[PDB]
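Number of protein chains: 2
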Amino acid sequence: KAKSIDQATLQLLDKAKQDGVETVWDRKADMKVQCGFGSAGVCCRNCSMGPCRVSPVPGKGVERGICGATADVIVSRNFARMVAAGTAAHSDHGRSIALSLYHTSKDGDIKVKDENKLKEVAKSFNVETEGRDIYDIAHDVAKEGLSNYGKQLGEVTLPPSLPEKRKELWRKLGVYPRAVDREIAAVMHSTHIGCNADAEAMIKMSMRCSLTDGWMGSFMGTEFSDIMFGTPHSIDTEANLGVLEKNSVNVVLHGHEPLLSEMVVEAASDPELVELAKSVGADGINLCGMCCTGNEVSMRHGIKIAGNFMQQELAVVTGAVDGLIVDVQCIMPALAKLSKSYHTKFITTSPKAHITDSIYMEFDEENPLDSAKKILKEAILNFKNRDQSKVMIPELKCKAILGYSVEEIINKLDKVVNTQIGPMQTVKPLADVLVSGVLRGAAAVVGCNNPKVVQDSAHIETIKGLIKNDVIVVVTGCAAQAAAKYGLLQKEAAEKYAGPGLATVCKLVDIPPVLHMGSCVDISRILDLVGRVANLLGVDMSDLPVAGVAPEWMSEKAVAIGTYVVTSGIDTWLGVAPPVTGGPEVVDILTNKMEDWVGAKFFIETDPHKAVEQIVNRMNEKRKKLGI
Amino acid sequence: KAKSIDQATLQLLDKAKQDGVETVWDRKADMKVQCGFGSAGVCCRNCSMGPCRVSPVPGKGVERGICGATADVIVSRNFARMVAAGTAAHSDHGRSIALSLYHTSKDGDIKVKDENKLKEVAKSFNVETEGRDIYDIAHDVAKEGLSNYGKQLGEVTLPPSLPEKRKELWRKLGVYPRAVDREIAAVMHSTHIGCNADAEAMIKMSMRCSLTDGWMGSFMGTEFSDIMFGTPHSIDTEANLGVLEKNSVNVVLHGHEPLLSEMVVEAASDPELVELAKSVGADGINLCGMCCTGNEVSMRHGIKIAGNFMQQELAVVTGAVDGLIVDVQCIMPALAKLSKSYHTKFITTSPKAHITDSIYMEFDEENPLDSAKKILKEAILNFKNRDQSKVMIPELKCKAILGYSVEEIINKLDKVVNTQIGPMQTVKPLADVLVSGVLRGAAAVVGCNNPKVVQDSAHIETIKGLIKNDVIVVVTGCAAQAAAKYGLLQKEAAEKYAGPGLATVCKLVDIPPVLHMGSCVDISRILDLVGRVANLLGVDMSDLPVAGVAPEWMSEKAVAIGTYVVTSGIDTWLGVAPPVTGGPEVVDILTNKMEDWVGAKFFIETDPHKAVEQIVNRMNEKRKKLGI
Ligand code: SF4
Ligand code: SF4
Ligand code: SF4
């Protein structure tokens, strides 16, 4: 099987073979046939009476663990713990953002750059704004956001875009969210030996936990990031490994937390550091981003995107990365080993993510700019250790357009609003094109890479099929970066891949057929958008012809995302089977009974063409239900 | 090998064999050779790139997971998640207790029964008490306790018994606790794929999380339970399955949450329910407790203890249990299946612990007494379905003495205080006997049963060895219940098993050589006691000749307990190997390097006699260090 559809990826894999270094593909091959029990989710290790493995085939072999737990119980608890872990990752990201908001000041390193956005958020949090200092408002907003994480009395605060009907449905179902850390703790408590042994209740607890990610953690992280670093607008950038410069210092930012990458971008324009880069013999400083931190700095500043998850190692294989600065999440620990074969400084900066044999330079949030300058100076000084004979940068990079926040999308939609009719600054043109049938629907393509799928193949095939069927596509994360590398994030792509209705819409609004809405936490934006559409049409989000796809997901964060997208009322297709096939009841809940609960359900489909067909059929049947 | 050392357990196992029902022992046999990878902790399932298994033997086979994680990384993350799960269980228990405290009223079902204890706790939480209504104080105290769970700004509140030196050591090490749910979330975040890949940092994060269990969650749960339901004092009870009555309704309370069992005890004295029990042909109502809820009601009211963890099924095998009421934690799901073979009504009461095919009667905390009354009425009415031909209650019961809270221990120690010297109401007599060497030390025996060990064998052998070596023993949980069944919780036991110094101390103070300090959350009491001793001697808790033992542990809660006991500075012996042998670095950290950080470390010893010898040697070493 081919390892990737990306030519630059293939060239660097040949180079890695020539250099005698191992990749994620090599380790996947070394793992050989993976354990069937773990793959089906019928293995349990929740107590030291175990490990227990029960048969993935009902009626044969061992039926219960030592405590008496069935295959359905073991599967449901394993799934719930994946959701809890994903929720924890996203919530910790949002908590750091809220703490940064709490420390903003007029003369400090972290300021308020979008005051209108802050005032709207303050309105959503019942924070007074009129005749008040902007930083007093910011601190009050940060306090309310922080209380969302750990309040023990009262109800949490949810964005106004969330329909009232969806909230009432959640309350009736018993999944209405509480404080984020409280829900994570509840899931961890109920999976403990001898607690919850009922699959339906376990799945409902996991949905309840995932809601605190989708609508509170990721949402607050995104909106506070907009407040502090600016709301994204349409902006040009370049993507894929070709963005590395042979004659410049190459600094690659990998990870998820945006404050460090924002401070590194600011430090790169420091005159002393630019002079130092010139003095070490480089033309300048070339900042490139990877994964979600790359998505953030690219959405807000046009920083070039070096690559997505399964390309991170190959970035080092070029031999041109002088510094690789990582914060947390989706940072392959093998990088520490791999950087030994090159001059690269692999720099960890977060106390949450220590990696053995990496260079640890703790990013100081109290003095973010000075700390970022010190880290960047280490990367720049490493340019003297470059071995130019080992350098091979593929001449493969692609132009991309991104920055499509909900605000930017609304601004673009204002173009097709007749001034004599109005209203302006709404999602009404999008609702109109969806209701009329010019657009069949909207689909979110999100998720990681996975060695089980030819890298980027499923993302590209799913996106092309959807836009060919007049389904407008919004992309986040590594899927968005796969689209960027391929060339879908271009206005020209409208006439090259889209169907007639979507091509007309793209021409009228002057947008690409695929809209890059940011990082994984920025999936909250997608929720926001859908909610607005629903609130404009007076229906629940489960009545709309919308869907989400995770063609190549790998992370626990992806599991939590799919769970809260389904719980919000949006059908979700998974291109990688989750470890639930061992529990028939869990499969039936996720793919059949969920529709009775929240009006949406999971679809497991490993063939992208079949997934596109199923998405189109499901959207059409929801349209016929809605009468459009 | 033998299944148990308890004769009543053996008789009921013979009955279960005759009845054709399977027990935990049968399921353990069916599991056969358990997976070596999971047993060593070298299996990972944290992302869907996996499952990954690496060699438990370094230098052989597959070395890294697909992401590049080493065996040490996989082991450390698995261990950290066990700690997080145990912390979540204990913290959820304490959170329910704090909410119950917040809802106390003068004329309500839940009142304040120990005002002096509440005022001392309010002093510890900086809550004013002079000239204030008692319930206003209770509500303020509950608010402070709840803030300990989810505060995002500021420092948490810790009990005054914790030495200042231990706090400073924690701060220097970087494990000083934050809010409980925040620490659980942090641990779950750092184990996500591509985050923390450094074993030392991972272990430190797990220690930090476990501290929020030992000193905040369990501590607050215990103290608020004392405030609402009364501080335990010396009280007599009976233990083992013989406490069941053939001619009475038998109601067995299983689980951990004390509010439900307290309300059931109160409802059992209701005249209407007693009349109803008479009308169904029963002599009366016989409440019996199991596991930690049994420990709570037994400590506070002398409710008979039917048995510990691995006896729960056998309680049903008698055929005399009319109603088995369960709340959360350590409730074998197999009970539901087992209940079909008898008339027993298996009643789940908590939304956190749904069990398939059990009768669900949600315990309403808004009206706790009425809810308990209706649940108890269902149990009483089930007496008409008793089949007396299937009833076999072994005539094996044992007298026990319990109720040894720190307050009760201090009251007992006041007897050996010369009035002309004093002071009174301190732990000074205990400190004196420890310093003089009349007592060699104090050891806490805690933990569950585990089919891997002959049931109760390790508990009894460890306790007898320790008290024979003039080590006073405090017991909690299922170990305490094993001691109760065996007969160690008796004054006579002092002259039958204890060495000369401990026998003299028991005679002078009029206590058993083994002190039952309550449930698993009541291990906080042990911490409290040790802290007081340390504060009286002006030393850290790691300088004292104290130790903790978990001879037969199984639960994630036990892992968290051992972790915070070691982190507090108390050496801990584990009678069951935790899944860490696959990671050499993790083994070295837990058993060797930990002593450099916190002055204590783990000891893994599956032979109880060798464990007693090692405990005595380590205590003598610490005495020689201290000069006593
Ligand atoms: S919780 Fe039950 S099924 Fe899981 S390892 Fe423990 S005994 Fe086995
Ligand atoms: S999933 Fe379970 S059975 Fe399979 S290798 Fe891992 S621990 Fe062993
Ligand atoms: S986190 Fe790493 S070691 Fe664990 S399953 Fe995923 S790829 Fe394998």
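Line order of the protein sequences matches chains A and B. Per the working numbering, the very first residue in the first sequence carries number 1; after that it's consecutive. Per the working numbering, the very first residue in the second sequence carries number 629; after that it's consecutive. The beta-carbon is built from N, C-alpha and C at its ideal position, and this holds for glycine as well.
ask   = If the cut is a Cβ gap below 7 Å, which residues of chain A does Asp658 (chain B) touch?
value = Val62
key: Enclosing alpha helix (DSSP H) for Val703 (chain B) [first to last residue]   = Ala699 to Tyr730
Amino acids of chain A, ordered along the chain, whose beta-carbon sits closer than 8 Å to that of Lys906 (chain B) = Correct list: empty, because the minimum Cβ distance to chain A is about 35 Å.
query = Comparing alpha-carbon positions, which option in B:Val690, B:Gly778, B:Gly1203 and B:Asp700 lies nearest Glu811 (chain B)?
reply = B:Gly778
task = Verify whether the separation of the beta carbon atoms of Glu1184 (chain B) and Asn46 (chain A) is less than 8 Å.
result = yes
query = Below 8 Å between beta carbons: does that hold for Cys478 (chain A) and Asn308 (chain A)?
reply = yes
request  = Starting from the N-terminal end, write out each residue whose C-beta falls within a distance shorter than 5 Å of any non-hydrogen atom of ligand 3.
outcome  = B:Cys672, B:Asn674, B:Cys675, B:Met677, B:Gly678, B:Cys680, B:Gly693, B:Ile694, B:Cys695, B:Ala697 and B:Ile821
query = If we ignore side chains and look at the alpha-carbon of each, how far apart do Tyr763 (chain B) and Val1174 (chain B) end up?
reply = 38 Å
inquiry  = Between the segment 150 to 165 of chain A and the segment 110 to 127 of chain A, can you find at least three pairs of beta-carbon atoms closer than 8 Å?
reply    = yes
key: DSSP beta-bridge partners of residue 646 (chain A)   = Any answer about residue 646 (chain A) is impossible in this case: the structure gives chain A only from 1 up to 628.
Residues near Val471 (chain A) in its chain [Cβ-Cβ closer than 6 Å; skip 5 each side] = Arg440, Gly441 and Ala443
request  = Return the residues of the segment 412 to 444 of chain A that lie within a Cβ-Cβ distance of less than 7 Å from chain B, sorted by chain order.
outcome  = none
ask   = How about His139 (chain A): is its C-beta nearer than 8 Å to some C-beta of chain B?
value = no
ask   = Can you name the start and end residues of the alpha helix (DSSP H) that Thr504 (chain A) belongs to?
value = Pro500 to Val509
key: Residue-level contact to chain A via CB, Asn754 (chain B), 8 Å cutoff   = no
query = Got a sec, what are the start and stop residues for the beta strand (DSSP E) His861 (chain B) sits in?
reply = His861 (chain B) -> no beta strand (DSSP E), and no H or E assigned at all.
message = ligand 1 and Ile959 (chain B): does the residue's C-beta get closer than 7 Å to at least one heavy atom of that ligand?
response = no
ask   = How many whole angstroms separate the CB atoms of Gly870 (chain B) and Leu1024 (chain B), which I take to be in contact at a CB cut-off of 8 Å?
value = 5 Å
query = So does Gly20 (chain A) have its beta carbon nearer than 7 Å to some heavy atom of ligand 2?
reply = no
message = I need the straight-line Cα distance from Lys377 (chain A) to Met263 (chain A), nearest angstrom please.
response = 13 Å
ask   = Heavy atom of ligand 4 less than 7 Å from the Cβ of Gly38 (chain A), yes or no?
value = Judged by which ligands are present, ligand 4 is missing from the structure shown, whose ligands are ligand 1, ligand 2 and ligand 3.
ask   = From the beta carbon of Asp364 (chain A), is the nearest beta carbon of chain B less than 8 Å away?
value = no
Delimiting residues of the alpha helix (DSSP H) encompassing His516 (chain A) = Looking at the DSSP string, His516 (chain A) is not in any alpha helix (DSSP H); the run it does join, the beta strand (DSSP E), is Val514 to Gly518.
Coarse secondary structure for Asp432 (chain A), derived from DSSP in three states = helix
query = Does the Cβ of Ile1049 (chain B) lie closer than 7 Å to at least one heavy atom of ligand 1?
reply = no
query = So which residues of chain B does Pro451 (chain A) contact, with C-beta pairs closer than 8 Å?
reply = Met677 and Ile694
query = When DSSP labels each residue in this structure, what does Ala444 (chain A) get in the three-state scheme?
reply = strand
request  = Report yes or no: do three or more beta-carbon pairs, one from the segment 842 to 860 of chain B and one from the segment 1132 to 1151 of chain B, lie closer than 8 Å?
outcome  = yes
task = Please report how far the alpha carbon of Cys958 (chain B) lies from the alpha carbon of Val453 (chain A), in whole angstroms.
result = 40 Å
key: Strand pairing of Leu169 (chain A), partner residues [DSSP]   = DSSP, once it has assigned bridges, lists no residue as partnering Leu169 (chain A).
message = Please identify, using Cβ separations under 9 Å, the residues of the segment 549 to 570 of chain A that lie next to chain B, in order along the chain.
response = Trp553, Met554, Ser555, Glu556, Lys557, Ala558 and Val559
key: Counterpart residues of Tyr988 (chain B) in DSSP-defined beta bridges   = B:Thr976
request  = May I ask you to list, following chain order, the residues of the segment 145 to 164 of chain A that have a beta carbon less than 8 Å from some beta carbon of chain B?
outcome  = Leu146, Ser147, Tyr149, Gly150, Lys151, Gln152 and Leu153
request  = With a floor of 4 residues, list each alpha helix (DSSP H) that falls wholly inside the segment 6 to 66 of chain A, ordered by position along the chain.
outcome  = 7 to 19, 24 to 31 and 36 to 40
message = Let me check you understand the geometry: is the CB of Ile913 (chain B) closer than 7 Å to at least one non-hydrogen atom of ligand 1?
response = no
Three-state secondary structure (DSSP) of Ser1183 (chain B) = coil
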